[PDB]
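Below is one structure; the comments refer to it alone.
Computed from heavy atoms alone, side chains included, the values below leave out hydrogens, waters and symmetry copies. The first residue of the sequence shown is numbered 1, and numbering continues consecutively from there.
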Amino acid sequence: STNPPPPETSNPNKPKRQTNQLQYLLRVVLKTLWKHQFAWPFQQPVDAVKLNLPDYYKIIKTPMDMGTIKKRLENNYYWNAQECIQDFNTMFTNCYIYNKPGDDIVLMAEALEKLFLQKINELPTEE
Ligand SMILES: Cc1noc2c1-c1ccccc1C(c1ccc(Cl)cc1)=N[C@H]2CC(N)=O
(Lines give C-alpha, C1' and ligand atoms only; values in the text may rest on other atoms or scores of the structure.)
Protein backbone atom coordinates (compact mmCIF):
# COMPACT_ATOMS: atom_id res chain seq x y z
CA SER A 1 0.00 0.00 0.00
CA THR A 2 1.49 3.35 -1.05
CA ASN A 3 0.38 6.96 -0.97
CA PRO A 4 0.13 8.86 -4.22
CA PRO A 5 2.82 11.36 -5.22
CA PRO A 6 2.06 14.67 -3.55
CA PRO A 7 0.77 17.69 -5.46
CA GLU A 8 3.37 19.70 -7.37
CA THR A 9 4.71 22.73 -5.53
CA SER A 10 6.58 24.08 -8.52
CA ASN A 11 6.08 24.12 -12.23
CA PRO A 12 8.20 26.24 -14.55
CA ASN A 13 5.62 26.07 -17.32
CA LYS A 14 2.80 27.47 -15.18
CA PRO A 15 2.46 31.25 -15.26
CA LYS A 16 3.24 32.94 -11.96
CA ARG A 17 3.32 36.27 -10.17
CA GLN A 18 4.21 37.88 -6.90
CA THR A 19 1.18 39.93 -5.89
CA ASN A 20 0.25 41.81 -2.77
CA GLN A 21 -2.73 39.53 -2.18
CA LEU A 22 -0.59 36.40 -2.60
CA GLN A 23 2.06 37.81 -0.24
CA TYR A 24 -0.64 38.48 2.35
CA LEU A 25 -2.05 34.99 1.83
CA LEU A 26 1.30 33.54 2.90
CA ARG A 27 2.42 36.10 5.50
CA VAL A 28 -0.92 36.61 7.20
CA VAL A 29 -3.48 33.98 6.20
CA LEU A 30 -1.46 30.78 6.01
CA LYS A 31 0.93 31.79 8.75
CA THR A 32 -1.89 32.52 11.19
CA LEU A 33 -3.86 29.38 10.41
CA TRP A 34 -0.68 27.33 10.70
CA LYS A 35 -0.32 28.25 14.39
CA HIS A 36 -3.87 27.29 15.33
CA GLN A 37 -4.11 24.29 17.67
CA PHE A 38 -6.20 22.51 14.98
CA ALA A 39 -3.79 23.07 12.07
CA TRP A 40 -1.77 19.88 12.48
CA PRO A 41 -3.75 17.35 10.38
CA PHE A 42 -3.74 19.83 7.48
CA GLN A 43 -0.03 20.68 7.57
CA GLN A 44 1.02 17.89 5.23
CA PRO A 45 -0.57 15.58 2.71
CA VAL A 46 -2.75 12.84 4.18
CA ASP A 47 -0.42 9.88 4.85
CA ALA A 48 -3.08 7.28 4.20
CA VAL A 49 -0.60 4.44 4.74
CA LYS A 50 0.41 5.62 8.22
CA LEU A 51 -3.12 6.58 9.19
CA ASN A 52 -4.46 3.19 7.92
CA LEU A 53 -6.96 4.89 5.55
CA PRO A 54 -6.58 2.65 2.52
CA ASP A 55 -9.75 4.10 0.94
CA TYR A 56 -8.73 7.78 1.34
CA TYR A 57 -7.23 8.21 -2.12
CA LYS A 58 -10.01 6.08 -3.63
CA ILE A 59 -12.51 8.70 -2.53
CA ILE A 60 -10.30 11.85 -2.71
CA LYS A 61 -8.89 12.33 -6.19
CA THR A 62 -7.74 15.95 -5.89
CA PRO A 63 -5.72 16.05 -2.67
CA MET A 64 -4.68 19.42 -1.22
CA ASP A 65 -3.08 20.47 2.13
CA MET A 66 -1.59 23.51 3.85
CA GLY A 67 1.96 22.23 3.67
CA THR A 68 1.58 22.09 -0.10
CA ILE A 69 -0.06 25.51 -0.24
CA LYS A 70 2.72 26.98 1.91
CA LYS A 71 5.30 25.64 -0.54
CA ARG A 72 3.35 26.88 -3.55
CA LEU A 73 3.19 30.38 -2.03
CA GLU A 74 6.90 30.42 -1.10
CA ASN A 75 7.79 29.26 -4.63
CA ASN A 76 5.53 31.82 -6.37
CA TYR A 77 3.55 29.04 -7.99
CA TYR A 78 0.34 31.07 -8.28
CA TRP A 79 -0.73 33.68 -10.79
CA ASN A 80 -3.33 35.09 -8.39
CA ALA A 81 -4.79 34.91 -4.92
CA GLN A 82 -7.86 33.18 -6.26
CA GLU A 83 -5.83 30.14 -7.28
CA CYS A 84 -4.52 29.77 -3.73
CA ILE A 85 -7.98 30.32 -2.23
CA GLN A 86 -9.23 27.53 -4.50
CA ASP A 87 -6.57 25.22 -3.04
CA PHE A 88 -7.65 26.03 0.52
CA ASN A 89 -11.22 25.30 -0.53
CA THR A 90 -10.23 21.93 -2.03
CA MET A 91 -8.50 21.09 1.27
CA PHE A 92 -11.67 21.82 3.23
CA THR A 93 -13.98 20.09 0.75
CA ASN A 94 -11.82 16.97 0.79
CA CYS A 95 -12.07 16.82 4.58
CA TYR A 96 -15.88 17.25 4.46
CA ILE A 97 -16.18 14.54 1.77
CA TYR A 98 -14.04 11.91 3.52
CA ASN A 99 -15.38 12.50 7.06
CA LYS A 100 -18.84 13.20 8.44
CA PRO A 101 -20.62 15.97 10.35
CA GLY A 102 -19.78 15.86 14.05
CA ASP A 103 -16.43 14.07 13.57
CA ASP A 104 -13.53 15.74 15.43
CA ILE A 105 -11.59 16.25 12.19
CA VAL A 106 -14.65 18.04 10.78
CA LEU A 107 -14.86 20.33 13.87
CA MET A 108 -11.20 21.14 13.22
CA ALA A 109 -11.81 21.86 9.54
CA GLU A 110 -14.87 24.01 10.30
CA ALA A 111 -12.91 26.15 12.76
CA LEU A 112 -10.04 26.62 10.30
CA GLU A 113 -12.43 27.43 7.47
CA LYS A 114 -14.28 30.02 9.54
CA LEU A 115 -10.99 31.70 10.43
CA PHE A 116 -9.78 31.51 6.81
CA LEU A 117 -12.89 33.27 5.55
CA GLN A 118 -12.50 35.99 8.17
CA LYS A 119 -8.90 36.60 7.11
CA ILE A 120 -9.69 36.65 3.41
CA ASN A 121 -12.78 38.81 3.64
CA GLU A 122 -10.46 41.78 3.22
CA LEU A 123 -7.31 41.53 1.07
CA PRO A 124 -4.76 43.98 -0.30
CA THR A 125 -5.58 45.76 -3.58
CA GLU A 126 -5.74 43.11 -6.33
CA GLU A 127 -3.28 42.98 -9.26
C1 LIG B 1 -7.11 15.96 7.00
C2 LIG B 1 -7.71 14.66 7.38
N3 LIG B 1 -8.90 14.31 6.86
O4 LIG B 1 -9.21 13.07 7.39
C5 LIG B 1 -8.25 12.73 8.27
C6 LIG B 1 -7.26 13.69 8.31
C7 LIG B 1 -6.16 13.57 9.27
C8 LIG B 1 -4.87 13.93 8.91
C9 LIG B 1 -3.82 13.73 9.79
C10 LIG B 1 -4.05 13.18 11.04
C11 LIG B 1 -5.34 12.82 11.41
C12 LIG B 1 -6.37 12.98 10.50
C13 LIG B 1 -7.72 12.62 11.00
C14 LIG B 1 -7.99 13.06 12.38
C15 LIG B 1 -8.96 12.43 13.14
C16 LIG B 1 -9.21 12.88 14.43
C17 LIG B 1 -8.48 13.95 14.92
CL18 LIG B 1 -8.74 14.55 16.52
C19 LIG B 1 -7.51 14.56 14.16
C20 LIG B 1 -7.27 14.12 12.87
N21 LIG B 1 -8.66 11.96 10.40
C22 LIG B 1 -8.39 11.50 9.04
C23 LIG B 1 -9.55 10.65 8.55
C24 LIG B 1 -9.79 9.57 9.56
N25 LIG B 1 -11.06 9.10 9.54
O26 LIG B 1 -8.93 9.14 10.31
Side-chain angles (χ1 to χ4, degrees):
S1 259
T2 51
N3 303 301
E8 63 180 7
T9 61
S10 84
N11 186 338
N13 287 345
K14 188 197 171 293
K16 52 142 90 75
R17 283 193 298 179
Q18 193 134 64
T19 76
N20 278 331
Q21 292 202 352
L22 283 163
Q23 306 191 199
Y24 180 88
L25 265 164
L26 171 56
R27 176 172 72 81
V28 176
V29 184
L30 184 134
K31 239 89 147 178
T32 279
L33 262 68
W34 195 259
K35 288 174 191 287
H36 196 276
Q37 55 164 144
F38 297 166
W40 55 266
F42 308 88
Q43 286 175 338
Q44 53 296 305
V46 176
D47 192 342
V49 174
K50 173 178 64 183
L51 284 167
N52 295 295
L53 310 174
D55 55 352
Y56 186 77
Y57 290 113
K58 166 172 157 54
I59 301 152
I60 291 314
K61 290 316 197 190
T62 44
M64 199 26 82
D65 66 280
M66 289 209 293
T68 298
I69 298 168
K70 181 165 201 276
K71 261 162 197 78
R72 280 171 187 216
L73 290 162
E74 286 163 6
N75 295 0
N76 304 313
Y77 179 76
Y78 300 105
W79 184 260
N80 68 20
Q82 298 101 287
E83 290 181 337
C84 174
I85 288 165
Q86 283 175 191
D87 282 342
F88 270 106
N89 280 336
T90 302
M91 192 181 62
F92 291 127
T93 300
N94 285 353
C95 181
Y96 300 137
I97 281 158
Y98 184 83
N99 308 303
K100 277 161 180 109
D103 286 349
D104 272 13
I105 182 64
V106 176
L107 306 185
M108 295 162 97
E110 282 160 4
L112 286 184
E113 194 189 345
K114 163 209 165 123
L115 196 25
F116 172 70
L117 284 170
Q118 202 169 105
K119 305 284 198 241
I120 68 161
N121 185 243
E122 194 175 10
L123 317 162
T125 319
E126 210 185 317
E127 304 156 68

NZ/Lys61: more than 12 non-hydrogen atoms of other groups inside 6.0 Å
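Yes, enclosed.
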If you define the side chain from C-beta out and look only at heavy atoms, does anything of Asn94 sit under 4.5 Å from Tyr56?
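Yes - at least one pair of side-chain heavy atoms lies under 4.5 Å apart.
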Any chain of hydrophobic side-chain contacts (each under 4.5 Å) joining [X] to [Y]?
{"X": "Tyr98", "Y": "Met108", "answer": "no"}
{"X": "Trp40", "Y": "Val49", "answer": "no"}
{"X": "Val28", "Y": "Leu33", "answer": "yes"}
{"X": "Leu22", "Y": "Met66", "answer": "yes"}

Measure the spacing between [atom1] of [X] and [atom2] of [Y] and express it to the nearest 0.5 Å.
{"X": "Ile85", "Y": "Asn80", "atom1": "CD1", "atom2": "CG", "answer": "8.5 Å"}
{"X": "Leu51", "Y": "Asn3", "atom1": "CG", "atom2": "CG", "answer": "8.5 Å"}
{"X": "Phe92", "Y": "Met64", "atom1": "CZ", "atom2": "CE", "answer": "12.5 Å"}
{"X": "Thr19", "Y": "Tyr78", "atom1": "OG1", "atom2": "OH", "answer": "12.0 Å"}
{"X": "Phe116", "Y": "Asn121", "atom1": "CZ", "atom2": "CG", "answer": "11.5 Å"}
{"X": "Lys119", "Y": "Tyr24", "atom1": "NZ", "atom2": "OH", "answer": "7.5 Å"}

Shortest non-hydrogen contact from [X] to [Y]?
{"X": "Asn20", "Y": "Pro124", "answer": "O-CG, 3.6 Å"}
{"X": "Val106", "Y": "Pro101", "answer": "CG1-CA, 4.4 Å"}
{"X": "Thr9", "Y": "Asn75", "answer": "O-ND2, 2.8 Å"}
{"X": "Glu127", "Y": "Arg17", "answer": "O-NH2, 2.8 Å"}
{"X": "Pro15", "Y": "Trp79", "answer": "CB-CE3, 3.6 Å"}
{"X": "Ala39", "Y": "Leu112", "answer": "CA-CD1, 4.1 Å"}

Cation-pi check, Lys14 onto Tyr77 ring (under 6.0 Å, within 45° of axis)
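Judged by the rule (NZ or CZ under 6.0 Å from the ring centre, within 45° of its axis), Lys14 counts as positioned above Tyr77.
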Qualifying residue for side chain to side chain donor-acceptor pair (under 3.5 Å) with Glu74, from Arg72, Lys70, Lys71:
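When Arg72, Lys70, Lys71 are each tested with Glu74, the side chain to side chain donor-acceptor pair (under 3.5 Å) holds only for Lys70.
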Do we see a donor-acceptor contact under 3.5 Å between the side chains of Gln18 and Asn76?
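Present: a donor and an acceptor within the cut-off.
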Please confirm whether the backbone N or O of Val46 pairs with a side-chain atom of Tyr57, one donor and one acceptor, at under 3.5 Å?
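Yes; at least one donor-acceptor contact below 3.5 Å.
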Under 3.5 Å donor-acceptor, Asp103 side chain and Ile105 backbone:
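Here the side-chain-to-backbone pair does not exist.
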Check the pair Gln43 / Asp65 against side chain to side chain contact (heavy atoms under 4.5 Å, CB included), numbers first and verdict last.
CA-CA 6 Å; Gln43 286 175 338; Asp65 66 280; over 6 Å; no
